[PDB]
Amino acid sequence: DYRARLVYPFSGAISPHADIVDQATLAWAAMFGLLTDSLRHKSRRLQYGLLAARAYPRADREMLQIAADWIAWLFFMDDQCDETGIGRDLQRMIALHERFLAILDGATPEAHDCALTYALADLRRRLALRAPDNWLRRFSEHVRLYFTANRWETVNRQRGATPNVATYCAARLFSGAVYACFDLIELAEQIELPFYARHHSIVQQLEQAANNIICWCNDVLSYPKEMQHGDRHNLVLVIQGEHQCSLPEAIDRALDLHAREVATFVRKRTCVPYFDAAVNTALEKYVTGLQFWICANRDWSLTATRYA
């Protein structure tokens, strides 16, 4: 059981609001028309709210609900990208992204805009009530880079071209939208980091390490369903192509890279410089937030129907 090798020298927590938030995320999905024909009794088992509850365990219920609805949005968008025709059609993906980008700039959806565009506009509206412009611009840019990454995946599928390890790992940091999920830690923890701390090389490196761990963990758990769809956006499949090795060996190599990235994250935690008492207090809440996300991703994914 190679899954038992997905271990961390720390553990997570879950918000006491978990089930309330999950029920509300389903009601939200139904309200905005995101639940497709194939899903009726499968809808109950999505449990997207129970991932959010683990990722932001200390958040107030209102802020947690924005995070849960956002996480659900990302799953709904992802299944369109990864399991339908739109992920093989760059021109259809560009037309959709043009609508999302107009909504991220604060435009109102038109009558004939799709459910995902309306739902994205709802999340932006609710975030604008809770966050300053500075934060909203950083979130929006992280979301734009997720769309760019999805268009990158679409070109790979159209060309039938598996990326090399260096290209894949560099792009995978954007294709999972993990940086946009990290932005929400600030709102969950109600912390205001000054510019020089927010963008410090050690903070960027801790964010990169946490993002890598989360994505490579997902890759080990999601290679089966991704292979079932003839997809190629997975460290296991990418390693297999580069090394011309067996699937068991590629899995072994992916888990080695995961273990190494956990150690890098633990090491770099002890390298955060002393700015001042108030800045380092806030900074340690953010970095603790990254740990909660690492654990949430693993803890939710091992039990989720999504990877069963």
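For the two forms, the rigid core is made up of the largest set of C-alpha atoms that agree within 1.5 Å on superposition. Numbering starts at 1 and follows the sequence shown.
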Legend entry - More shifted region, core-based fit in 5 other deposited structures of this protein, 74-82 vs 90-98 by CA: 74-82
Legend entry - More variable segment, 156-164 or 206-214 [Cα RMS over structures in 5 other deposited structures of this protein, core-superposed]: 156-164
Legend entry - Across other compared entries, residue 39 missing in at least a third: yes
Inset, instruction - Report the stretch with the higher mean CA temperature factor, choosing between 235-243 and 40-48 on the basis of the entry. - result: 40-48
Inset, instruction - Using only the Cα atoms and their B-factors as the entry lists them, report which of 263-271 and 49-57 averages higher. - result: 263-271
Inset, instruction - Go through 171, 81, 71, 111 one by one and give the residue whose Cα B-factor in the PDB entry is largest. - result: 111
Inset, instruction - Within this chain's modelled residues, let me know which third the CA B factor of residue 106 belongs to: lowest, middle or highest. - result: highest
Inset, instruction - Within this chain's modelled residues, let me know which third the CA B factor of residue 147 belongs to: lowest, middle or highest. - result: lowest
Inset, instruction - Check where residue 11 lands among this chain's C-alpha B-factors and tell me if it's the lowest, middle or highest third. - result: highest
Legend entry - Relative C-alpha B-factor of residue 189, binned into the chain's lowest, middle or highest third: highest
Legend entry - Chain thirds of CA B-factor: placement of residue 222: lowest
